[PDB]
């Protein structure tokens, strides 16, 4: 008698091919899957990141932790002071807190801006501080993406040629003036009879500031904006001009209405514009119309040793105050910048404007020790190489790829029967 183990399959069994053997099975399980994506901010390396912030990350605040959007351990990683902002330190308007932001970290988190919004009501002849704000943070983000470190440079070496010009003051600016730019005006220039002498000045961007190497400086090259020549000529003779030059005499900034049309809004009066530029270290020169001279007195110092794409966190007040989205738009138009944005209003735990539940959730990743990817869609752990939807750039780290679930191959499970040869 012939006795045999007999191998057989049903219509329920399907065939899976292998290199060196096939398998019959009834069930299949996918070989792998998608990694979840968490909204908000995080870091891939806890030992190399720096945060810059305000009261909402200031552990010295009297109402901490209820006033904070991050816990103690994350707060220690921020350079923050209540009331501060990059832009506030850039100009130093009267009575506002003037914090020296500085630090190093390949990954950077920027969480301020709000302490200079429309709510603060700073005037000082500003044409449009929101526009200035957007342009300023644009230049910061642009320089920071390629830099390891950043520091405020709270005082540039400056020198004015004029011996009669004196330091300007304005009622619209708390009866004093910015820390930067410095405003020098000539009392004797009267259009009467007396036109005055063209004003001159130098300013120096240093090759270093303390322990920080400077390869790049974000500075403002400010100028006055007039409605037309006629309105200008009630203050000075000729056309308004204020031009910025490098050490050779190349025009690098300013406003020259001897060649460029006046663009001052009608009947607004004199206004100041303050575009930010990224400049190399060196000594720069200024030529201005006799009556009014503006001279940069601060900068932000950056190196070019490299960095990762940065993270910018939405910095706005609760609904009760007047906010702007200048840092959002600055971030949006700048390469290598990732923006973290709330979907509900800012409602704080300490006050209206401090300690928001959504923001604490969005920032909680700052946070974790197992983040491997950070992107504009959020951050991931290193579970699988795949995600269900794209991770929007900017992004960096061990970042997952989008594939359809259908393309993920399977393996046989359940009752299994081997097969090889042609069986015929």
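Positions refer to the first chain, counted from 1.
Zero if continuous, otherwise a range: how many residues of the deposited sequence are missing coordinates between residue 191 and residue 192 (none, 1 to 3, 4 to 9, 10 or more)?
Missing in between: 1 to 3 residues.
Taking the recorded C-alpha temperature factors, which stretch has the higher mean, 161 to 169 or 248 to 256?
Mean C-alpha B-factor is greater for 161 to 169.
Select between 263 to 271 and 121 to 129 the stretch whose C-alpha atoms have the higher average B-factor in the entry.
The stretch with the larger mean CA B-factor is 263 to 271.
Please pick out which of 209, 300, 183, 317 has the largest Cα B-factor as recorded in the entry.
Among 209, 300, 183, 317, the PDB entry lists the largest C-alpha B-factor for 183.
Checking the entry, which one of 305, 328, 351, 112 has the top C-alpha B factor?
Comparing C-alpha B-factors across 305, 328, 351, 112, the top value belongs to 351.
Can you tell me which third, lowest, middle or highest, the CA B-factor of residue 60 falls into for its chain?
As the PDB entry reports it, the C-alpha B-factor of residue 60 lands in the middle third of its chain.
Among the modelled residues of its chain, does the C-alpha B-factor of residue 31 lie in the lowest, middle or highest third?
Highest third, going by the recorded CA B-factors of the chain.
Lowest, middle or highest third: where is residue 345 by Cα B-factor in its chain?
As the PDB entry reports it, the C-alpha B-factor of residue 345 lands in the highest third of its chain.
Please say which third, lowest, middle or highest, residue 22 falls into when its CA temperature factor is compared across its chain.
Tercile = lowest for this residue's CA B-factor.
Could you tell me which third, lowest, middle or highest, the C-alpha B-factor of residue 415 occupies within its chain?
Ranked within chain, residue 415 CA B lands in the middle tercile.
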